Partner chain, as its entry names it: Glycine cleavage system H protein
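In the form deposited without the partner chain, a lone chain appears below as structure tokens.
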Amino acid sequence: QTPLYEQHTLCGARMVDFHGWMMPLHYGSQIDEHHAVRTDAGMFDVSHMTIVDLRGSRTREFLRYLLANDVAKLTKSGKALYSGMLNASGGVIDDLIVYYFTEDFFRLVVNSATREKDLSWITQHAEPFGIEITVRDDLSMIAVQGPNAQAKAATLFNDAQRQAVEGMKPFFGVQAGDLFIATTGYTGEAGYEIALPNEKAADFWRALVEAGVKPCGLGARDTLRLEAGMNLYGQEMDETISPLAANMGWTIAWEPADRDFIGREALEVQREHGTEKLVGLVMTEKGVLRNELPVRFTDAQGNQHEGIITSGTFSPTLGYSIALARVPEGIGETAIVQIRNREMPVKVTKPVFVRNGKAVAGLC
């Protein structure tokens, strides 16, 4: 149970189960919550996330072996990156954000659904490197997102905290007293994620409401992230799916070739052979694209292919249905899905739809 539970109820939360946590689906209007993030500021309780602190002189070394992105690229203190964590078959165990603070101190953030699997795996592979693993269940976290999010949050910062984040670029995190403030998010907008002691969380939440930040629930969390082309573990990938087939190729640090990491050789073979690809689908016709719907097309050579929707939704920003889908190579400009017992052509696009309050160029 989140430390924010009482504040959620006071904010009119309609609760659902989220991987064992009672969490707000919305607070009266998931559509308004979505539009708040796109145009002003909304916030999400992400205390269901697990923050894992890693300590030890070999921490960077460990993570260069654990992760498929390369934390050697984190050279400025506080810098973060996004990475897959792969099994030996090159499938995805999870995705995550990792922060570098010092050579003796990095931090990972992972989801509730995969927490115990990840912890077991991290623990197992950490042992020979002598890494001390500390789970930060003493911290809650709030994501404040939207074009006015940083400004509104910053009204609550003290002078030292303002100074710490002044000019801070994306994908950095910094500790300033009780607040860990990071320029991260799951929305396609600017914002912060802010971690702080459980016992401080409720008051900080209330202060943020007063600062003009709208409480936003899981429903908007999902429409926002899918519009932004951001993956959801279990849907866009899982242990059976290569990152190359989940639009995560860009996160694979192939060079330097001499960096060993788990999944490396399987991944190299997958790259050599080719994989399926994650694309976007747009359906302007009335109806909603659903998870697991088949996607059919014929390639130029006449081979009939079937992919699958990984995540679908009705886009509040665009006003029509969108989806991420995993499809065989060779797809064209359109494909077919079944809607109301009939074939429905859909437009095939890049796996991203909205960033910074606006439809991406291919959609306007």
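Between two forms, the rigid core is defined as the largest C-alpha subset superposing within 1.5 Å. Numbering follows the first chain given and starts at 1.
Same protein, other form: the form deposited with the partner chain bound, not shown, and the subject of what follows.
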Seminar exercise, completed: Assert contact residue (the partner chain, in the entry with it bound, non-hydrogen atom within 4.5 Å, options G78, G188, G219, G91) equals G219
Seminar exercise, completed: Among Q30, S311, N69, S47, just one has a heavy atom within 4.5 Å of the partner chain in the entry with it bound, namely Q30
Problem set entry | Interface membership of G212, the partner chain in the entry with it bound, 4.5 Å heavy atom rule | no
Problem set entry | Proximity of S140 to the partner chain in the entry with it bound, heavy atoms at 4.5 Å | no
Exercise. Heavy atom to heavy atom, is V288 within 4.5 Å of the partner chain in the entry with it bound?
Worked result: yes
For this session: Please check if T223 has a heavy atom lying within 4.5 Å of any heavy atom of the partner chain in the entry with it bound.
Result: yes
Seminar exercise, completed: Per contact check vs the partner chain in the entry with it bound (non-hydrogen atom within 4.5 angstroms), the hit among 303-311, 327-335, 30-38, 61-69 is 30-38
For this session: Flag this candidate site as yes only if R14, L25 and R340 all have a heavy atom within 4.5 Å of the partner chain in the entry with it bound; otherwise mark no.
Result: yes
Seminar exercise, completed: Among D32, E61, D53, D299, the C-alpha that moves by 2 angstroms or more between this form and the one not shown, rigid core fixed, is that of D299
